[PDB]
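Input: a single structure, listed below in structure tokens.
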Amino acid sequence: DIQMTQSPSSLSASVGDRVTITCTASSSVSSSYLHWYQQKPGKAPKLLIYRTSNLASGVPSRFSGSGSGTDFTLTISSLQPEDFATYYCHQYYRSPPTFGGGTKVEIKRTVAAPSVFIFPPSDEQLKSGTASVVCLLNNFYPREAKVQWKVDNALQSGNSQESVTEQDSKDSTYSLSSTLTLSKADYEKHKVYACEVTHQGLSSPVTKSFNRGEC
Amino acid sequence: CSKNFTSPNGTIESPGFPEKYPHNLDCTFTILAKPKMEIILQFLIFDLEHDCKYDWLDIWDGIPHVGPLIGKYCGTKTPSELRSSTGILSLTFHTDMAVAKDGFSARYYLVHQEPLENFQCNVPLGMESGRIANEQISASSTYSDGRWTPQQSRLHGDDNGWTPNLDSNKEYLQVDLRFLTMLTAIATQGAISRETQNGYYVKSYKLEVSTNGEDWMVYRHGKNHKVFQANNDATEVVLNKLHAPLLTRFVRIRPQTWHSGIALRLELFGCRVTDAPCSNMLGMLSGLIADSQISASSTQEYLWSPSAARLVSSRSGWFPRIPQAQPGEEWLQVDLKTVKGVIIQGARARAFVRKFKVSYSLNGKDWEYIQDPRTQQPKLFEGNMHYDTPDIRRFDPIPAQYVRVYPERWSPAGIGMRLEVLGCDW
Amino acid sequence: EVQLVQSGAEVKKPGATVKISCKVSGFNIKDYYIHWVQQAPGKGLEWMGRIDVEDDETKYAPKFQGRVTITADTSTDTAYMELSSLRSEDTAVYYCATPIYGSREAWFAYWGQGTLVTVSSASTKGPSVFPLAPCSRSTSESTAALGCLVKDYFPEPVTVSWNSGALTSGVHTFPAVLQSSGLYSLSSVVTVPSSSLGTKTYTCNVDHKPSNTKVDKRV
């Protein structure tokens, strides 16, 4: 078979920038047989280019491709936040068809600060006998951020789990959720529950807090 | 400049070769062969390059500008091998006044013909064998990737097959046999893509045939177009025998239905009219029977030309003065031997003869009609179904030097006819 | 407009078999070509195989040979991939794709949405949905974040939409995180104006197809 290698695997390039992804073949692929696909985070791949990276299909003009034999390229003239995806090259010059590893385009953006929010455990959940305290840090750009769970002004480090969204298609920003899962017993034991957030977006870390008693 | 060739093995080339050729030249090289001998022409070198509107080489199936033109060449491309059993093959070399080129080098062989096995006419015509050249294969179009060319349409070819630019029933694979040939059968295959491993095949097709490549006939079966059933897989060969042997030069395969794309590999089967005993073309086509020998009863328009009645070559036909004349009052006469048949053609709305009688003579003054015993009167020969496609009508060998064809029935357009006589020397 | 609609997500025990559906429609026509691709959670697109729908002429990748069977129904335009003897590493999103008719170049012009198979021994539990609303709700920021917590669900995935898919803006449904031993927990957010918090009722529609648990809750 003819193995395909996409060299750059991760690209952080800013919006309105010229980006170039390689695709390269173990053997020689006929020009007409190299195709390119775009895979948005939660979606199936879509066709971009279908012959030698030359022929684009109902698609934006910024995308170009070229090549012959071993070395093929995909080029985005003005990168845009929408264009954040994994890009795959495919060959059908000799069966079985082979795909490349993929190139994960990411976007540089001006620093953005998180809109921190804190969420008390639901009344329904308390009856279940577990209490989860949720903290959103919403529209920040530098992915790296620190969440500090403080219970009655004591930093509690156990039972803290975070999920992060992928970069937004519109504004190239991340959102984060930190959930402290505690038993009802431990929830009753303490009164003040706090979120401390450190992000490049401020020098002052953003303490956000609630009191079990209150509401 | 002109020369004649009769020796068994010979050489033909542009004047002064290996030097570049002199300007404003118009030479004719004619090869003559005895009946039962085939002319093999092979080019070794060819450089005429500058529409061949400057310098060209014309190859003629007969006398130049009388017999049909085989091809015109003006490139760095050596013409492919030719096997002629017309008995005469002619080359016309034309040079201009600018940029003398290297010219051409060629050689010929006169070989005794060997008729096939019995007088069978199921010989492969040369798609698989390469006897038909790449030049002789063309198509309406070819696929964009250029991996499915007309030249890949040879039966058992190992690299895909022919595919057109679009899959439609208006696309076709064309073969020029270069000379009028008997066609009896067609073999087709699909193709498994070398790349995708996808199997493409034609499920059904139509047959189109021509003598000049301009006027076409769809091989009809009854009163409707014949729709041949083709392959059901991409690998196995499917042979369709024609129920009525055809006489043609140009063959076109038009796919009508296909599985997932049109892919074609092809073999054509047949023989030459000349393979049968005493079946030489006596010179109407080639021009060996000159104008002075062709006469007709009547002739629409004053001062007609006698070279309009020539089978195939003529781009018109013979017309009587009366459009609608009464049967047995009109005739075409050829002055030439043993006569064993004729080839009858219509005229290029459209005119052709549907029934006819033949009369023959040694004298030119005492005539006989070929007689059907059952009728006790002159036999009534079946004519054509179409204006272009010729029909060969053989009869019991009769010695004569004068032959006449009397049209009996014809198409609504009226009497239009082109003609050749078949036979051999005593 | 050609469109392929895949089967729903399944959980299947190790060593079992999974058949998934690709319903071709839109332009259809006979002589369609269906290809199956496997995207492991890690990443990568791996070609399982192809099928000539009209003539049953499946071609399979050597990796999945012995273990994959592709079938076509001509009567209903549906193609199937059956994966025998499942593996832990077989948990992936399976896509079906078709090229355009005349393309001998076999670019995958149209793709299906994707079916998730989770090969797990654990088996299936429906989600619990709990609202996330801020206490001291009437604070003074222009916009408020509201939430919908999907706890203790197996296997993946859950679809959280908001007001029956009306609210598609300012919505973040987080990637699920495995909790406990084999329970996933996911949260959804909507950012809405604080002024409209009292006036408008916000409802998250949570769908767990792997247990037919379709649950709506008003945050």
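As shown in the structure tokens, the chain order sets the letters A, B, ...; within each chain, residues go from 1, and ligands are also counted from 1 in the order they appear.
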Just want the 12 Å neighbourhood of residue 222 of chain B, counted on only C-alpha atoms, with same-chain residues fewer than 4 positions away dropped. Output as a ChimeraX atom specification. /B:218,226-227,243-244,385
Looking only at strand (DSSP E) from DSSP on the backbone, list the matching residues of segment 2-206 of chain A as a PyMOL selection string. chain A and resi 4-5+10-14+19-29+34-39+46-49+63-76+86-91+98-99+103-108+116-119+130-140+146-151+154-155+160-164+174-183+192-198+206
The residue from B:25, B:54, B:93, B:228 with the smallest atom-to-atom distance to residue 13 of chain B, counting only C-alpha atoms, is B:93
Selection: 12 Å around segment 205-211 of chain A, only C-alpha atoms, excl. self and same-chain fewer than 2 positions, as an NGL selection string: (:A and (113-121 or 133-137 or 145-153 or 187-188 or 190-203 or 213-215)) or (:C and (134-137))
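Atom CA of residue 187 of chain C sits 17.2 Å away from atom CA of residue 125 of chain C.
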Identify every residue of chain C that has at least one atom within 8 Å of any atom of chain B, counting only C-alpha atoms, and report the result as a VMD selection string. chain C and resid 31 to 32 101 to 102 104 to 106
Distance limit 10 Å, atoms considered: only C-alpha atoms. Which chain A residues sit that close to chain B? Return them as a PyMOL selection string. chain A and resi 29-33+51+91-97
Produce a file of the selected residues containing C-alpha atoms, as a short mmCIF file (atom, residue, chain, number, x, y, z; two decimals), in the first residue's frame.
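selection.cif, freshly written:
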data_model
loop_
_atom_site.label_atom_id
_atom_site.label_comp_id
_atom_site.auth_asym_id
_atom_site.auth_seq_id
_atom_site.Cartn_x
_atom_site.Cartn_y
_atom_site.Cartn_z
CA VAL A 29 0.38 9.34 -6.32
CA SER A 30 -1.15 10.39 -9.66
CA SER A 31 -2.06 14.07 -9.40
CA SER A 32 -5.80 13.40 -9.98
CA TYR A 33 -5.99 11.03 -6.98
CA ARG A 51 -7.80 16.38 -7.47
CA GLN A 91 -5.03 8.87 -1.85
CA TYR A 92 -6.93 6.49 -4.15
CA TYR A 93 -4.10 5.94 -6.63
CA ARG A 94 -3.67 2.37 -5.36
CA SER A 95 -6.14 0.46 -3.17
CA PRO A 96 -6.47 0.17 -0.29
CA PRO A 97 -7.12 3.91 0.18
#
From the DSSP assignment of the backbone, select every residue of segment 4-214 of chain A that is helix (DSSP H, G or I), and format the answer as a ChimeraX atom specification. /A:31-33,81-83,123-128,184-189
Next, dump the selected residues to file, keeping only N, CA and C atoms, as a PDB file, in the first residue's frame.
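The result, written out as out_13.pdb:
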ATOM      1  N   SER A  31      -1.526  12.775  -9.765  1.00  0.00           N
ATOM      2  CA  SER A  31      -2.063  14.069  -9.395  1.00  0.00           C
ATOM      3  C   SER A  31      -3.557  13.968  -9.096  1.00  0.00           C
ATOM      4  N   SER A  32      -4.343  13.420 -10.040  1.00  0.00           N
ATOM      5  CA  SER A  32      -5.803  13.404  -9.980  1.00  0.00           C
ATOM      6  C   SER A  32      -6.348  12.674  -8.749  1.00  0.00           C
ATOM      7  N   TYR A  33      -5.492  11.936  -8.010  1.00  0.00           N
ATOM      8  CA  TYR A  33      -5.987  11.031  -6.983  1.00  0.00           C
ATOM      9  C   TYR A  33      -5.755  11.494  -5.540  1.00  0.00           C
ATOM     10  N   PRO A  81     -11.345  32.001  11.904  1.00  0.00           N
ATOM     11  CA  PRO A  81     -11.596  31.269  13.143  1.00  0.00           C
ATOM     12  C   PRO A  81     -12.358  29.984  12.838  1.00  0.00           C
ATOM     13  N   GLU A  82     -13.239  30.076  11.827  1.00  0.00           N
ATOM     14  CA  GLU A  82     -14.034  28.994  11.255  1.00  0.00           C
ATOM     15  C   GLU A  82     -13.135  27.829  10.830  1.00  0.00           C
ATOM     16  N   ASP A  83     -11.914  28.144  10.352  1.00  0.00           N
ATOM     17  CA  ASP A  83     -11.026  27.181   9.714  1.00  0.00           C
ATOM     18  C   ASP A  83     -10.312  26.303  10.746  1.00  0.00           C
ATOM     19  N   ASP A 123     -31.428  21.072  44.319  1.00  0.00           N
ATOM     20  CA  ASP A 123     -32.239  20.510  45.392  1.00  0.00           C
ATOM     21  C   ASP A 123     -32.510  19.023  45.138  1.00  0.00           C
ATOM     22  N   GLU A 124     -32.800  18.677  43.870  1.00  0.00           N
ATOM     23  CA  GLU A 124     -33.047  17.300  43.456  1.00  0.00           C
ATOM     24  C   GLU A 124     -31.821  16.436  43.759  1.00  0.00           C
ATOM     25  N   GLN A 125     -30.617  16.963  43.469  1.00  0.00           N
ATOM     26  CA  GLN A 125     -29.385  16.196  43.612  1.00  0.00           C
ATOM     27  C   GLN A 125     -29.122  15.913  45.091  1.00  0.00           C
ATOM     28  N   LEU A 126     -29.430  16.899  45.954  1.00  0.00           N
ATOM     29  CA  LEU A 126     -29.227  16.747  47.392  1.00  0.00           C
ATOM     30  C   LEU A 126     -29.989  15.529  47.930  1.00  0.00           C
ATOM     31  N   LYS A 127     -31.242  15.339  47.461  1.00  0.00           N
ATOM     32  CA  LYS A 127     -32.058  14.185  47.828  1.00  0.00           C
ATOM     33  C   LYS A 127     -31.364  12.888  47.398  1.00  0.00           C
ATOM     34  N   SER A 128     -30.686  12.913  46.235  1.00  0.00           N
ATOM     35  CA  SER A 128     -29.926  11.768  45.747  1.00  0.00           C
ATOM     36  C   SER A 128     -28.766  11.443  46.693  1.00  0.00           C
ATOM     37  N   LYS A 184     -23.480  14.679  50.523  1.00  0.00           N
ATOM     38  CA  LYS A 184     -24.368  15.641  51.177  1.00  0.00           C
ATOM     39  C   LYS A 184     -23.806  16.017  52.553  1.00  0.00           C
ATOM     40  N   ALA A 185     -23.231  15.006  53.232  1.00  0.00           N
ATOM     41  CA  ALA A 185     -22.649  15.134  54.560  1.00  0.00           C
ATOM     42  C   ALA A 185     -21.565  16.208  54.573  1.00  0.00           C
ATOM     43  N   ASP A 186     -20.628  16.121  53.616  1.00  0.00           N
ATOM     44  CA  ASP A 186     -19.524  17.068  53.550  1.00  0.00           C
ATOM     45  C   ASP A 186     -20.067  18.452  53.175  1.00  0.00           C
ATOM     46  N   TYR A 187     -21.082  18.479  52.278  1.00  0.00           N
ATOM     47  CA  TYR A 187     -21.733  19.725  51.875  1.00  0.00           C
ATOM     48  C   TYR A 187     -22.321  20.423  53.106  1.00  0.00           C
ATOM     49  N   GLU A 188     -23.017  19.661  53.970  1.00  0.00           N
ATOM     50  CA  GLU A 188     -23.585  20.211  55.199  1.00  0.00           C
ATOM     51  C   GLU A 188     -22.491  20.704  56.153  1.00  0.00           C
ATOM     52  N   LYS A 189     -21.357  19.982  56.235  1.00  0.00           N
ATOM     53  CA  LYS A 189     -20.293  20.312  57.182  1.00  0.00           C
ATOM     54  C   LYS A 189     -19.763  21.738  56.987  1.00  0.00           C
TER      55      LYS A 189
END
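Neighbours of residue 128 of chain C closer than or equal to 8 Å, with only C-alpha atoms counted and sequence neighbours fewer than 3 positions away skipped, come out as residues 149, 150, 151, 152 and 153 of chain C.
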